[PDB]
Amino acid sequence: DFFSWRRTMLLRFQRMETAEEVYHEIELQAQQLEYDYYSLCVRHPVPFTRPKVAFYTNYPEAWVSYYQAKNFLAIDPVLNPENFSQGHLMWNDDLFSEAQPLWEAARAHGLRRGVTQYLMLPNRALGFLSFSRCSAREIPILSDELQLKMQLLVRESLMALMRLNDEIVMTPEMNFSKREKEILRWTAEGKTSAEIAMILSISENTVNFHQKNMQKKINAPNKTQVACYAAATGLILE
């Protein structure tokens, strides 16, 4: 019965104290579903210009190196949300048509069958969970069951990794005060320092001080990078 699985899995992921426990449980789960490999890959919303990509996987280490060397990330259909239905994507041959070097290379390292599930996280990072397999051997699993289990799996592992503050999920930290974020919102709303000073009954200098303070913390050139970063990662709102 799906329901008790769900409940068991919710608690198990609740209790965990390390990243290594999370990864180890994903691996276990992949095996219950007769997959050999898992990959947990997270695309950050920032930097806007080259988004951070962090992963943990037990793929053959040679495959990780080769995949990076050829920069397959750019063409990986399995990491493009546009290809998904219901947050689910079953690998097959057509999927790879726009990426034939990847397909070949993946098979050459023994990734024959696969599947991925994605989720956007509360911080706007996209998390992808892939399972793949050595054998082309048919393993009948109910489509609906795999889907729902992976749904839970990708979410729970990633929420745990967040609770644990792991480097794979965390966006740049913006430890900002009530007043700083308030200034930041009016900035994102297109208000000038003068205008903010008016709105908040504090001097233009103080507004500017707060601005430079936020920039020091996050090491940003100007207010606009700060506001964008807060806006993209959810840190800007109330």
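The first residue of the shown sequence is 1; numbering continues from there.
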* Quick one: say whether 12 to 20 or 224 to 232 has the higher mean Cα B-factor in the deposited entry. => 12 to 20
* Which has higher Cα B-factors on average according to the PDB entry: 117 to 125 or 67 to 75? -> 67 to 75
* Asked: Which third of the chain does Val207 land in by C-alpha B-factor: lowest, middle or highest?
  -> middle
* Tell me, lowest, middle or highest third: where does the Cα B factor of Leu102 rank within its chain? => highest
* Relative C-alpha B-factor of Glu145, binned into the chain's lowest, middle or highest third -> highest
* For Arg155, the third of its chain into which the C-alpha B factor falls -> lowest
* **Third assignment of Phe96 from its chain's C-alpha B-factors** => highest
